[PDB]
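In what follows, a structure is listed as C-alpha cells, so that the remarks can point back to it.
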Amino acid sequence: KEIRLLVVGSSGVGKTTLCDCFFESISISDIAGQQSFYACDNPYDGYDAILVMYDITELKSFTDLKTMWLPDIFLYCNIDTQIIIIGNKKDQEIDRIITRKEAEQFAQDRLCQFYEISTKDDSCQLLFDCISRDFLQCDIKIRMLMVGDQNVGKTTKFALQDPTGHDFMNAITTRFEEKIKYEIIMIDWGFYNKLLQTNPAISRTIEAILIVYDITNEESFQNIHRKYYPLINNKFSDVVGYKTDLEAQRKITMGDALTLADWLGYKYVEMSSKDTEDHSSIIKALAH
Ligand SMILES: Nc1nc2c(ncn2[C@@H]2O[C@H](COP(=O)(O)OP(=O)(O)O)[C@@H](O)[C@H]2O)c(=O)[nH]1
C-alpha cells in the first residue's frame, strides 16, 4: 500500500542493473529516468524513500555523491523520506577503493542511512526487506531536536546510552508511541549544528523542538534560529516546584508545553505524554 520509489546516482552507476535485478515473479520499482520536468519528479518527492547508489571501486562516484547529488533532491523530498546510501559491487571487494566506515560515518553524521550490497547474489535482496520492514513497521516518522545543557538535559528516555552517550554526537530512536505504527527520533543539540557542516536549512526536517531547564538557565540564546529557522512549525519546552514567572513570561516564543515537567518515580508521565500528544498535535496539521 502507498509505495513508490526512486533511485539516484552518478552516470557511473545510475539506476539500471536493479531493473534486471528486480526479477519480480509492494514497493513498485525503478523509475528515476524518463518521466519529465517537475511532474513525476517532485511527486517522487511526495512518496517515501530514494536510493543512492555508487560503484565502490571508483571514487568520483562518492565525491560527486557528496558535492553534487545530495543537496539538490535532499531538500526537495519530504520530511520523512530522506535517503538510503548504497555502495555497489562489493562482491568483488578486492578492487574496492572505498571503506564503508568513512561512508557510513558521513551518512549517520548526515543522519542519513547506509548500506553496501552484492547484487550478484544475496545481499542485494537483503537490502529491500531492511527497507520495507521500516516502511511496514513504521507508517510515519518524525524528526525532533532536543536543546538544553548540563544537568537536566543529562537527566532526560528509551534508556539508551547513559549520561555518557556516544561522544559529542549521536541520534536516539525510540520504539512505540490508535494502531498508528509510527516513529520518532530525538537529536543532540550540537549535532544540529554539526550536520549543517554538511546540510544547512535542515530545520525543515525537524517538525518539533524540545528544551530543558535547570535552576539556572537564561535560554535566550539557543532560541535564536530555534526561532528564526523553524519559524511557526511546532514547539515545546518541558522543564515539584517549577518556576512560573518564566512560564507566564519567558515564553514569548509561544509554542506548547506550559512548562510541563516531572521528577518522581512517576516520571513516566513526563516523557510518555510529552512525546505522544505532541505527535497527535503535529499529524492532523499536515498542509504540504
Ligand atoms: N562489478 C560489478 N558490476 C556490476 C554489478 N551489478 C551491476 N554491475 C555493472 O553495472 C553496469 C551497468 O549499470 P550501472 O553502471 O551500474 O548503472 P548506469 O551507469 O546508470 O548504467 C554494468 O556494466 C555492470 O557491469 C556487480 O554486482 N558487480
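The way I read the labels, and the way they are meant: chains A, B, ... in the order of the C-alpha cells, residue 1 as the first residue of every chain, and ligand 1 as the first ligand shown, with later ones counted on from there.
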Do you have, as a Markdown table, the list of residues of chain A lying at most 12 Å from ligand 1, each with its nearest atom pair and that distance in Å to one decimal, counting only C-alpha atoms and all ligand atoms and ordered by chain then number?
| residue | atom | partner | partner_atom_place_in_ligand_line | distance |
| --- | --- | --- | --- | --- |
| A:7 | CA | ligand 1 | 20 (O) | 10.0 |
| A:8 | CA | ligand 1 | 20 (O) | 9.1 |
| A:9 | CA | ligand 1 | 20 (O) | 7.6 |
| A:10 | CA | ligand 1 | 19 (O) | 6.9 |
| A:11 | CA | ligand 1 | 19 (O) | 4.5 |
| A:12 | CA | ligand 1 | 19 (O) | 4.1 |
| A:13 | CA | ligand 1 | 19 (O) | 3.2 |
| A:14 | CA | ligand 1 | 20 (O) | 3.2 |
| A:15 | CA | ligand 1 | 20 (O) | 5.0 |
| A:16 | CA | ligand 1 | 17 (O) | 4.7 |
| A:17 | CA | ligand 1 | 13 (O) | 4.9 |
| A:18 | CA | ligand 1 | 7 (C) | 7.9 |
| A:19 | CA | ligand 1 | 13 (O) | 9.6 |
| A:20 | CA | ligand 1 | 7 (C) | 9.2 |
| A:21 | CA | ligand 1 | 6 (N) | 8.5 |
| A:30 | CA | ligand 1 | 20 (O) | 11.4 |
| A:31 | CA | ligand 1 | 20 (O) | 11.5 |
| A:32 | CA | ligand 1 | 20 (O) | 10.0 |
| A:33 | CA | ligand 1 | 20 (O) | 9.6 |
| A:52 | CA | ligand 1 | 17 (O) | 11.6 |
| A:53 | CA | ligand 1 | 16 (O) | 8.3 |
| A:54 | CA | ligand 1 | 16 (O) | 8.1 |
| A:55 | CA | ligand 1 | 16 (O) | 7.1 |
| A:56 | CA | ligand 1 | 1 (N) | 9.0 |
| A:57 | CA | ligand 1 | 1 (N) | 8.4 |
| A:58 | CA | ligand 1 | 1 (N) | 10.8 |
| A:61 | CA | ligand 1 | 19 (O) | 10.3 |
| A:86 | CA | ligand 1 | 16 (O) | 11.7 |
| A:87 | CA | ligand 1 | 27 (O) | 10.0 |
| A:88 | CA | ligand 1 | 27 (O) | 6.4 |
| A:89 | CA | ligand 1 | 28 (N) | 3.7 |
| A:90 | CA | ligand 1 | 28 (N) | 6.8 |
| A:91 | CA | ligand 1 | 27 (O) | 6.2 |
| A:92 | CA | ligand 1 | 1 (N) | 6.5 |
| A:93 | CA | ligand 1 | 1 (N) | 9.1 |
| A:94 | CA | ligand 1 | 1 (N) | 10.4 |
| A:95 | CA | ligand 1 | 1 (N) | 9.3 |
| A:96 | CA | ligand 1 | 1 (N) | 9.6 |
| A:116 | CA | ligand 1 | 27 (O) | 10.8 |
| A:117 | CA | ligand 1 | 27 (O) | 7.8 |
| A:118 | CA | ligand 1 | 27 (O) | 5.3 |
| A:119 | CA | ligand 1 | 27 (O) | 4.4 |
| A:120 | CA | ligand 1 | 27 (O) | 4.6 |
| A:121 | CA | ligand 1 | 27 (O) | 7.9 |
| A:122 | CA | ligand 1 | 27 (O) | 10.4 |
| A:123 | CA | ligand 1 | 27 (O) | 10.1 |
| A:124 | CA | ligand 1 | 27 (O) | 8.7 |
Would you list the contacts of residue A:101 as a PyMOL selection string, taking every protein, DNA or RNA residue within 12 Å and counting only C-alpha atoms, but skipping same-chain residues closer than 4 positions in sequence?
chain A and resi 87+97+105-109+114-116
Return as a PyMOL selection string the full set of residues in stretch 56-254 of chain A whose backbone-based DSSP assignment is strand (DSSP E or B).
chain A and resi 84-88+113-116+141-146+171-174+183-187+206-211+236-237
Please build the interface table for stretch 35-91 of chain A against stretch 193-206 of chain A with a cut-off of 8 Å, listing for each qualifying residue the nearest atom pair and the distance in Å to one decimal; count only C-alpha atoms, order rows by chain and increasing number, and write it as a Markdown table.
| residue | atom | partner | partner_atom | distance |
| --- | --- | --- | --- | --- |
| A:71 | CA | A:199 | CA | 7.4 |
| A:75 | CA | A:202 | CA | 7.6 |
| A:79 | CA | A:205 | CA | 5.0 |
| A:80 | CA | A:205 | CA | 7.8 |
Can you write out the residues you just picked, keeping N, CA, C and O atoms, as a compact mmCIF listing (two decimals), in the first residue's frame?
# COMPACT_ATOMS: atom_id res chain seq x y z
N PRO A 71 22.52 17.69 -2.26
CA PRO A 71 21.77 18.89 -1.84
C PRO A 71 20.56 19.22 -2.71
O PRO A 71 19.59 19.79 -2.19
N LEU A 75 16.70 18.45 -0.06
CA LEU A 75 15.79 19.44 0.50
C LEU A 75 14.49 19.49 -0.31
O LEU A 75 13.52 20.13 0.10
N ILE A 79 9.74 15.43 4.55
CA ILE A 79 10.40 15.36 5.84
C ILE A 79 10.77 13.92 6.24
O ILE A 79 11.82 13.71 6.86
N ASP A 80 9.95 12.94 5.89
CA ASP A 80 10.18 11.59 6.38
C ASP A 80 11.26 10.90 5.55
O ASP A 80 12.42 10.85 5.98
Contact residues around residue A:218 with only C-alpha atoms at 10 Å, ignoring same-chain residues under 5 positions, as a VMD selection string:
chain A and resid 213 246 250
Mind dumping the selected residues with N, CA, C and O atoms as a short mmCIF file (atom, residue, chain, number, x, y, z; two decimals), in the first residue's frame?
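Below you can see selection-v4.cif, which holds the result:
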data_model
loop_
_atom_site.label_atom_id
_atom_site.label_comp_id
_atom_site.auth_asym_id
_atom_site.auth_seq_id
_atom_site.Cartn_x
_atom_site.Cartn_y
_atom_site.Cartn_z
N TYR A 213 15.51 22.68 31.22
CA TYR A 213 15.80 23.79 32.11
C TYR A 213 16.18 23.33 33.52
O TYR A 213 15.55 22.42 34.07
N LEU A 246 8.69 32.69 34.51
CA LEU A 246 9.17 32.18 33.24
C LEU A 246 8.08 31.51 32.41
O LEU A 246 8.02 31.70 31.19
N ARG A 250 8.56 34.01 30.20
CA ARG A 250 9.69 33.65 29.34
C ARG A 250 9.29 32.90 28.06
O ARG A 250 10.14 32.62 27.22
#
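Nearest residue to residue A:26 among A:131, A:40, A:104, A:66 is A:131, counting only C-alpha atoms.
Put simply, atom CA of residue A:249 is 12.9 Å away from atom CA of residue A:219.
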What are the nearest atom pairs, with distances in Å to one decimal, for all residues of stretch 77-191 of chain A that come at most 12 Å from stretch 253-263 of chain A, using only C-alpha atoms, set out by chain and rising residue number as a tab-separated table?
residue	atom	partner	partner_atom	distance
A:152	CA	A:263	CA	10.6
A:155	CA	A:263	CA	10.0
A:156	CA	A:263	CA	10.2
Output C-alpha atoms for every residue in the selection just made, as a PDB file, in the first residue's frame.
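The resulting file, result34.pdb, is reproduced below:
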ATOM      1  CA  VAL A 152      18.750  18.444  33.459  1.00  0.00           C
ATOM      2  CA  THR A 155      18.788  13.584  33.134  1.00  0.00           C
ATOM      3  CA  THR A 156      16.164  13.353  30.393  1.00  0.00           C
TER       4      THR A 156
END
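Among the candidate residues A:25, A:36, A:132, A:174, the one lying nearest to residue A:272 is A:174, with distances computed using only C-alpha atoms.
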Could you give me, as a PyMOL selection string, each residue of stretch 14-147 of chain A that DSSP assigns to helix (DSSP H, G or I) when run on this structure's backbone?
chain A and resi 17-20+59-74+100-108+123-137
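Taking only C-alpha atoms into account, residue A:153 lies nearest to A:238 out of the set A:45, A:102, A:238, A:177.
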Env of residue A:144: 10 Å cut, atoms = only C-alpha atoms, seq-sep filter 3 positions within chain, self excluded. Answer as an mmCIF file with C-alpha atoms, in the first residue's frame.
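Result written to result_21.cif:
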data_model
loop_
_atom_site.group_PDB
_atom_site.id
_atom_site.type_symbol
_atom_site.label_atom_id
_atom_site.label_comp_id
_atom_site.auth_asym_id
_atom_site.auth_seq_id
_atom_site.Cartn_x
_atom_site.Cartn_y
_atom_site.Cartn_z
ATOM 1 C CA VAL A 147 18.275 21.523 23.017
ATOM 2 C CA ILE A 184 10.079 9.489 16.172
ATOM 3 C CA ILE A 185 13.759 10.397 16.561
ATOM 4 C CA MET A 186 15.384 12.712 19.099
ATOM 5 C CA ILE A 187 18.605 14.598 18.381
ATOM 6 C CA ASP A 188 21.549 16.163 20.237
ATOM 7 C CA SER A 203 15.476 22.804 10.129
ATOM 8 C CA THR A 205 13.261 18.318 8.685
ATOM 9 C CA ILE A 206 12.653 18.950 12.390
ATOM 10 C CA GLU A 207 8.905 19.081 12.990
ATOM 11 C CA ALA A 208 9.326 19.640 16.721
ATOM 12 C CA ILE A 209 11.703 21.096 19.303
ATOM 13 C CA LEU A 210 12.336 20.247 22.956
ATOM 14 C CA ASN A 234 5.535 23.070 16.242
ATOM 15 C CA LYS A 235 7.412 23.617 19.514
#
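You will find atom CA of residue A:287 at 26.2 Å from atom CA of residue A:175.
Using only C-alpha atoms, the smallest distance between any of A:169, A:247, A:142, A:136 and residue A:278 comes from A:142.
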Taking only C-alpha atoms into account, name the residue in A:28, A:160, A:282, A:145 that is nearest to residue A:189.
A:145
One decimal, Å: what's the distance from atom CA of residue A:178 over to atom CA of residue A:265, could you say?
26.4 Å
I want to know what sits within 9 Å of stretch 215-217 of chain A, based on only C-alpha atoms, with residues of the same chain fewer than 3 positions away left out; could you give that as a ChimeraX atom specification?
/A:148-149,212,220
Preceding selection exported with N, CA and C atoms as a compact mmCIF listing (two decimals), in the first residue's frame:
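Generated file (again31.txt):
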# COMPACT_ATOMS: atom_id res chain seq x y z
N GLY A 148 19.31 22.32 25.08
CA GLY A 148 19.48 22.42 26.51
C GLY A 148 20.96 22.42 26.85
N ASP A 149 21.27 22.18 28.12
CA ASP A 149 22.64 21.92 28.54
C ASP A 149 22.69 21.26 29.91
N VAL A 212 15.29 21.93 27.71
CA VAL A 212 15.42 21.50 29.10
C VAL A 212 15.93 22.65 29.96
N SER A 220 18.03 32.31 26.35
CA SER A 220 17.65 33.33 25.38
C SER A 220 18.51 33.21 24.12
